[PDB]
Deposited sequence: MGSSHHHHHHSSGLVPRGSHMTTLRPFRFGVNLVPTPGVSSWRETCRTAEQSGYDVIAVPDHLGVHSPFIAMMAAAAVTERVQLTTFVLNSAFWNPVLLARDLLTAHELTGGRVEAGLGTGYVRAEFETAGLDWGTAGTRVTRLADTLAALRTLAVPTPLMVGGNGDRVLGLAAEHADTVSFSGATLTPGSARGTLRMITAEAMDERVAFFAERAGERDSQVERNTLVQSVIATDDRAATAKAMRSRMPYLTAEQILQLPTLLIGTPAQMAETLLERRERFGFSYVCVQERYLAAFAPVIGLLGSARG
């Protein structure tokens, strides 16, 4: 599938640069602006509308909603509105949620891993029954979550890290091979209709990839330097090397929808220039 590039921007209360940041993303060649769903961050659909008002080309996506924060019928109303009032520019990524303190602050039941995944399942089923027009993305690497992506999603987002719900660890390329294969087996005949996304956490410009990876073992001691050089959540080297890496990873994993974090917006833009 043709590449599409996203930048995960954090609309921040008290910071007056939202419109300028969204314009920079579009001017830098990104195809998607992605926004998160967290307490203490601006409300995602309202921020996406504010982005739509100052951009013309980019798609706007939630990346990803905390399913515990949304009533499915009311979310369906939001999605239809966002779709119609932007001219079809909105996509909705969904997840189970994972920050327990935020559930507690909002007065919501943390429950169990099972109830949190079931809430995502129930929401996805409802959104499809209500025939929402926004493309749907599902994010997360748990078995049940990838099964839901395979059943319901237009895009599956493969995480690239794990944590203990209630600390972050990057997964290896080999673990990622297995998660993509699991998804594909669950998707069956629908595999070819689901776009594959991943989020790159760090985009590290360097003229010495090997020395950089060796140094980075300090922050990820559970990995070798060779594993660090193959980690799907990291891009290391020159822009030409990073472009070649993304071509190789599209072949290996099927990743054609690549997002980066806001801090690396400018660092990654040269790669967009080379892949287009």
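- Not built in the structure, per the record, are deposited positions 1-24, 191-194, 305-308.
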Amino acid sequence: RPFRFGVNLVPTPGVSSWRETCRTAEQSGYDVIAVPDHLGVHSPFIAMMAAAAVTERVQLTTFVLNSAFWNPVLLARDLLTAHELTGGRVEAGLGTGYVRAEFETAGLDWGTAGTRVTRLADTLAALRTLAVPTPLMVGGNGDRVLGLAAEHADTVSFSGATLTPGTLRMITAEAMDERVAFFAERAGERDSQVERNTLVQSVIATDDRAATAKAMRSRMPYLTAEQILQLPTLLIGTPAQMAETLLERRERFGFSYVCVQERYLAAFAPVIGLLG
From here on, numbers count along this sequence of modelled residues.
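- Look at the mean CA B-factor for 156-164 and for 82-90 in the entry; the higher one is 156-164.
- Relative to one another, 129-137 and 202-210 have unequal mean CA B-factors, and 202-210 is the one with the higher figure.
- For the set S67, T61, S43, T224, the PDB entry assigns the largest Cα B-factor to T224.
- Of the residues listed, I228, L39, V35, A51, the entry assigns the biggest Cα temperature factor to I228.
- The entry lists a Cα temperature factor for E195 that places it in the lowest third of the chain's modelled residues.
- Annotation for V260: CA B-factor lies in the lowest third of the chain's modelled residues.
- When the CA B factors of the chain's modelled residues are split into thirds, the value for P72 lands in the lowest one.
- When the modelled residues of the chain are ordered by C-alpha B-factor, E178 sits in the lowest third.
- Per-chain ranking of the deposited C-alpha B factor places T115 in the middle third.
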